[PDB]
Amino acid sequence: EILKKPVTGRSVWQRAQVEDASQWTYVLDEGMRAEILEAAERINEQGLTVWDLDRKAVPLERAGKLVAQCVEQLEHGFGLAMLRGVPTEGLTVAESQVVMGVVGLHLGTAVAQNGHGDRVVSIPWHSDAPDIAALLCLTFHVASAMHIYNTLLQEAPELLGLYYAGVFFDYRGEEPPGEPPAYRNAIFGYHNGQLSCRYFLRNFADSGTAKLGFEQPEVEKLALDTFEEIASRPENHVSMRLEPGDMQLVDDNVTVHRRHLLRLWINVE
């Protein structure tokens, strides 16, 4: 159940292997921009909600190609990918939300980000719940969690089990009745032959344990701090700047990240 030997694959990397962003940057050309804008326009003219639609309903012959490349890079490649030239210039926030929804349909299934069920949100090392997190600039650091696992295997293997146990995170009030405020979420998991990671926002961890009325064990804080320290080493993360129209995508299974923008949460079903 616990991986005792180094993880391998395209998602295991340091900064040197991904510094050349051309390996994972995907640029929308004028045709693709036009197709996406046209799709959003037709969704708006028919009074549809892009979140209720699927990809068959909004085909993108040429752009769907590129977004599919992105998905490939995210789920089977480095884990991160940038889609440039998202046609947001001159659009209102809501219109941009629709255009991002259009692109999102070709990423996977958009999921709720809060209690209000929002599928776009206007805006410490972490990786959120869904498979893919997307961030579009209207007007950023990434590291490999797999490499972090290998580094822990080298430097502090006695801590590995802790990550598999995970820590308590605040429910924020959405717990089903008759269960505690904070749920236990594993940081590392090994199932089916694959290692995956989630490193939720720590403070909600603190919030959650507080709500449970417990102090964090020191060894747990050591584990967390060690994780974040490994991610914070200059050789372990890549950094970038988004310009308007840039949509940065990270795969939360294998990476962790840190920072007007809009955010989308996507599960790959």
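Don't overthink the numbering: it's just position in the shown sequence, from 1.
Novice: Could you tell me how many residues of the deposited sequence sit unmodelled between residue 10 and residue 11 (none, 1 to 3, 4 to 9, 10 or more)?
Specialist: Missing residues, residue 10 to residue 11: none.
Novice: As recorded in the PDB entry, how many deposited residues are without coordinates between residue 139 and residue 140: none, 1 to 3, 4 to 9, or 10 or more?
Specialist: Unresolved stretch here: 4 to 9 residues.
Novice: Identify the stretch, either 223-231 or 24-32, whose C-alpha atoms have the larger mean B-factor according to the entry.
Specialist: Mean B over CA atoms: larger for 24-32.
Novice: For the C-alpha atoms alone, is the average B factor greater in 169-177 or in 69-77, going by the entry?
Specialist: Per the PDB entry, the higher value belongs to 169-177.
Novice: Going by the recorded CA B-factors, say which third of the chain residue 184 sits in, lowest, middle or highest.
Specialist: Within its chain, residue 184 is a middle-third residue by C-alpha B-factor, going by the deposited values.
Novice: Taking the C-alpha B-factors as the PDB entry records them, is residue 131 in the lowest, middle or highest third of its chain?
Specialist: Lowest third, going by the recorded CA B-factors of the chain.
Novice: Based on the entry's values, in what third of the chain does the Cα temperature factor of residue 194 lie: lowest, middle or highest?
Specialist: For residue 194, the deposited C-alpha B-factor lands in the middle third.
Novice: Within this chain's modelled residues, let me know which third the CA B factor of residue 88 belongs to: lowest, middle or highest.
Specialist: Its C-alpha B-factor belongs to the highest third of this chain's values.
Novice: By its CA B factor, does residue 98 count among the lowest, middle or highest third of the modelled residues in the chain?
Specialist: It belongs to the middle third of the chain when residues are ordered by C-alpha B-factor.
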